[PDB]
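Only one chain is included here, represented as structure tokens and corresponding to the form deposited in one PDB entry.
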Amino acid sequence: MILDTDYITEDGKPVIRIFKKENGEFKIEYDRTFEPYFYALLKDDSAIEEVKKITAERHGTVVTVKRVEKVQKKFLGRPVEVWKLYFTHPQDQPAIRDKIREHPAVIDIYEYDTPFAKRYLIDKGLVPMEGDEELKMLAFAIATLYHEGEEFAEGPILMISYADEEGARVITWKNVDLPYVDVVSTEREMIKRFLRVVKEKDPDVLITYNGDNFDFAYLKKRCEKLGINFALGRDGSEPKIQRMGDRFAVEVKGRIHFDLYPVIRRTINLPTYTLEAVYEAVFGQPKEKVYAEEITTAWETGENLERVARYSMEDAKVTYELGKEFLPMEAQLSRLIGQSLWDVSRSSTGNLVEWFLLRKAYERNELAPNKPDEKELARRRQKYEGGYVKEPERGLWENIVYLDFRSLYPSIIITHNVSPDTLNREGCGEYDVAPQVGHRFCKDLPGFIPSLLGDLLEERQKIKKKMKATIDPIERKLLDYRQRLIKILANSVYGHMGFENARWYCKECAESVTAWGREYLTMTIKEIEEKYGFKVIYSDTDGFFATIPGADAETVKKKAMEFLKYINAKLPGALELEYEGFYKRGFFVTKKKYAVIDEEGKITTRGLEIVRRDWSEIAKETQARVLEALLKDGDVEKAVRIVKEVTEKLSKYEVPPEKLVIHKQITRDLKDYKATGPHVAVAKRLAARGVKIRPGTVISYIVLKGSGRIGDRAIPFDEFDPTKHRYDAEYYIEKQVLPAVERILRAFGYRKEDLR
């Protein structure tokens, strides 16, 4: 099983390393035969003698094109003759690529920025994370002496914790008497001891929570300020720091550092992403939080240091428990994209698609197009029409079916061969014309994009089937992961075609796909209402909610299944409508915002405040109860009563201040803000105290009783002391709770005055 690839330089020559794990043994395979290269498309196929001769300087050394070779590749759907330029070392390419492009005889260069170790995986056709090898994992967390003001790592690492299949342990230098704590003399002997552990257990995966930006760098600064060699690598190296955008990421050679923090946020939608919040939201059981003010006082006084030890052990224990959960899915993404788990676990959706496309492009001998430069990125800033959304027949509906298309956009690309390489091709024999936008797509040869999506959706439907044969719950989950992933990947391949900075950008392709989707959806809605007597209650991009006005449950289901047979026989090719559920009742407030309950009482809510992370809990909790009494028993009087009980709890300050916290994330640097809302205003006064306010941090503020702007009486929640503060009951009554339930109960005649 391949884990990762990199390269070293032996006497100026690149040497690929492949970090494998086979038969429970860690092996390092070397390849000294791979040559770096990129492509060049010249004006004449004869000037290459001059192109052989361009040189450049790197590090007191002239860089030269080693060898050249005539290649025929597929570019723009037609075979073009391209020139392959071989080099000695990968770092030669950036030092010479511009000197080549600037040559008049060459029009442009291609595939000049693909990293060596990743090109190896693509060209050599290798796929990491495949096989049945069980990787040895080990989590770790630390505890630190913090004071306000002192620079990063000014103080010491008080304790280090770790956890695996043998349990969790703690290592510190102050004497803490507990069965899972190991005491040593000093910090050195602690960090040195922790190194002895990792080297001894030899884990393939090092699991952390935010180790990319804290744990490893703290262990770095002390190790130098103290004089230890952090030989965590299996080659005897130290943790290697990279630059993942504004923030950083940490690699551990020979192993996979799995920072759960990027994985969690990108996967789960939580108002806060603390360890205690993430743990309790994934496993249901809560987790205690000891703060930095406590562990510093507990250290300098020596009092209640055992409480710090429990938290330290808990941190390591829970991150391991979380790592065992989220890693196997991240492994499937690695196999699907064809890049290391370390890379795909922190990659944006766009970059994951490009890597998938680049591998696909290499398999089909498709010369990859460059990324756009400034002028092209300026052009590609347009917009195009997307999915159709109807205005919901606002109110309460009964006996509803939801009919939806199977992968509507990827099925359109497949059915109509939508691809940049099939758009407006001359000499076409069979073409398909896009509605509204009139773009013609050649069907003589299968397009690049349709051929990949076809293989993906074919593999998706293969997985949704074999899953049923398999019995082991793990294989069910593992396989199910690939099923959902293929879908996100497929839709992102569509989104790639409209992406400003995408290599296979094609606005015509992108807007043709949506144009067909509008036609197929509105056609289906036309048929079901005219040829079958339905009334479409609400419809988003790929499906709709409909019912027979009046009628009975089965009558709605029977005619719905009849309509499906009629419409799926009239639907061209890979296009298909499916029965995706019956629902006893359903409330449709507005576009993107509705709630629905099935036959068994499962309430599904979409878009409403109850699901939005930037609303107070007291607002969600009561809208949930109002929706419940509305869809569970239709008890409108109990629903209107509930609003009256909670509104009196607020005015009498009986509701816990924790339920009135609004969580909103800042998205940019505070100088770049043009509108200071309450959450930004709070984050600006925090920057006046010198706190880390970076893009991505969540502001959690409560509004205090007072007058003026909201941003003048909003304080962070960790700053709220109930004895000294009183929250603004009037604000949360008139601006949070009542507005959220009135938009629902307005359909029943009730107004806010009737709810206070």
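C-alpha atoms forming the largest set that superposes within 1.5 Å between two forms make up the rigid core. Position 1 is the first residue in the sequence shown; the rest follow in order.
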Over the set of other compared entries for this protein, does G387 lack coordinates in at least a third of them? yes
If you average the Cα B factors in the entry, which is higher, 11-19 or 731-739? 731-739
Would you mind comparing 300-308 and 116-124 for me and telling me which has the higher average C-alpha temperature factor in the entry? 300-308
So if I compare the CA B-factors in the entry for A687, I699, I702, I28, which one is the largest? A687
Tell me, please, which of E354, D542, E165, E111 has the highest C-alpha B factor according to the deposited entry? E165
Quick tally, chain-level thirds of C-alpha B-factors: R32 sits in the lowest
Tell me, lowest, middle or highest third: where does the Cα B factor of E621 rank within its chain? middle
Relative to the other modelled residues of the same chain, rank the CA B-factor of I241 and answer lowest, middle or highest third. lowest
Would the CA B-factor of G586 place it in the lowest, middle or highest third of its chain? middle
CA B-factor ranking of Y180, expressed as a third of its chain: highest
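A second form of this protein, the form deposited in another entry, is not displayed here; the remarks below concern that form.
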If I align on the rigid core, exactly one of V252, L627, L456, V308 should have its C-alpha move by 2 Å or more between this form and the one not shown; which residue is that? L627
Spell out whether the Cα of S707 moves at least 2 Å between this form and the one not shown when the two forms are superposed on their rigid core. yes
Given a core-based superposition, decide whether the C-alpha of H439 shifts by 2 Å or more between this form and the one not shown. no
Superpose on the rigid core, then tell me if the C-alpha of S616 is displaced by 2 angstroms or more between this form and the one not shown. yes
Knowing the Cα distance between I157 and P695 changes 3 Å or more in the other entry, does it shrink or grow relative to here? closer
